[PDB]
Structures are given as C-alpha cells and as structure tokens.
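1. A structural model of the following input is requested.
(16 chains)
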Number of protein chains: 16
Amino acid sequence: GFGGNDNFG
Amino acid sequence: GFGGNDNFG
Amino acid sequence: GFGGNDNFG
Amino acid sequence: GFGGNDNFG
Amino acid sequence: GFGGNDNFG
Amino acid sequence: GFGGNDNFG
Amino acid sequence: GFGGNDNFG
Amino acid sequence: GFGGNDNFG
Amino acid sequence: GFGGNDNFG
Amino acid sequence: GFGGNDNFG
Amino acid sequence: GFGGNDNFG
Amino acid sequence: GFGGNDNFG
Amino acid sequence: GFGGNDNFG
Amino acid sequence: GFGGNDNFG
Amino acid sequence: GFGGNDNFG
Amino acid sequence: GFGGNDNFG
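-> Numbering: from 1, shown residues only, chains lettered A, B, ... in the order given. Please see the structure below:
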C-alpha cells in the first residue's frame, strides 16, 4: 500500500 | 518489476 | 484462537 | 517480481 | 504430523 | 504422529 | 537505453 | 522533469 | 551454482 | 535492455 | 464429569 | 486418548 | 486405556 | 515384551 | 532414514 | 560482437 498519489513517470 | 507487497507464503 | 490474517506456509 | 530460474525487470 | 490449529499428533 | 521427512515449504 | 525521457531498462 | 527543448541526438 | 536439490522457502 | 552493438549517431 | 460446555478447539 | 470416565473394575 | 502392550491412544 | 500366559482385570 | 527391521509395537 | 553460442538464459 504505497498510497498517496505517486506520479511514477 | 515493482513493489510486489503481496503476502505470499 | 488463531488470528485469521495468518499466512501459514 | 517473483521469478523462476531467471527473473529480470 | 503437523496441523493448522492443533494436531493431536 | 511420526513425522517422517518433511522436505516442505 | 534511449527512449528519451524515461527508460525503464 | 526533463526540459523539452534540447535536441536529442 | 545452485545446482542441487533445494527448497526455496 | 542489452543495448546492442547498434553503433549510431 | 465434564459439566460445562467444553471446547476442545 | 482421553480415558474419559473409568467407572469400572 | 489398557491396550494390551500397544495402547497408543 | 510380555509374552507369557497372563491374567488381567 | 528409518533403517532396517524395525518393530513398531 | 556477441555471437558466442551464448545462453542468456
């Protein structure tokens, strides 16, 4: 559960 | 690839 | 009373 | 992720 | 002769 | 019981 | 290498 | 967060 | 060399 | 990935 | 004499 | 196992 | 219990 | 062991 | 692992 | 140059 909005690219 | 934060046993 | 979230490998 | 004999990525 | 909850063995 | 070779998990 | 902005591998 | 003006070569 | 008979936990 | 003996500008 | 509700669980 | 009640001779 | 010689219960 | 003419009760 | 002429009982 | 009857696997 890596949770918070996480932009990846 | 990425986090496989599954609960395999 | 074994805890139902257990992974029993 | 999890692999077999060889796992990349 | 191992059991999950209890193993009268 | 008489646990024999358990090559297991 | 070389996909310009994000090369995963 | 690349800058989109540089000439990829 | 991981040749022989094994048991990946 | 294996970058490949591609010799390029 | 096992007077009460037993739980051999 | 449980020898239970031995009420005998 | 008894079991003669082998009472395993 | 045992193994003779015996009694019981 | 259990050997040769074994008397269980 | 590679080309050595390789087993990448």
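
2. What separation is there between the residue in chain A that chain C sits nearest to and residue B:6?
-> At 14.6 Å from chain C, residue A:1 is the closest residue in chain A, using Cβ to the nearest Cβ. From N, CA and C alone the C-beta is placed, and that goes for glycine too. Residue A:1 sits 11 Å away from residue B:6, going by Cβ to Cβ, to the nearest Å.

3. Neighbour count for those two, which is higher?
-> residue B:6 (8 against 4; other Cβ atoms under 10 Å in any protein chain shown).

4. That one is in what secondary structure piece?
-> Assigned by DSSP states H and E, residue B:6 falls within no helix or strand.

5. next one: residue A:2
-> Element membership for residue A:2 (DSSP H and E) is empty, with no helix or strand holding it.

6. I'd like to know how many residues surround it.
-> Counted with other Cβ under 10 Å, the neighbours of residue A:2 add up to 7.

7. check contacts around the residue of chain A closest to chain C.
-> Each residue near residue A:1 by Cβ atoms under 8 Å, 6 or more residues apart in numbering or on different chains is listed here: residue B:5.

8. again, only using 10 Å
-> B:3, B:5 (Cβ atoms under 10 Å, 6 or more residues apart in numbering or on different chains).

9. Over to residue A:8?
-> Remark: with contacts taken as Cβ under 10 Å, 6+ apart, residue A:8 is in contact with B:2, G:6.

10. give the contact list for the residue most central in space within chain A.
-> When Cα atoms, centre = their mean is applied to chain A, the residue found nearest the centroid is residue A:6 (2.3 Å). Residue A:6 sits next to no residue when contact means Cβ under 10 Å, 6+ apart.
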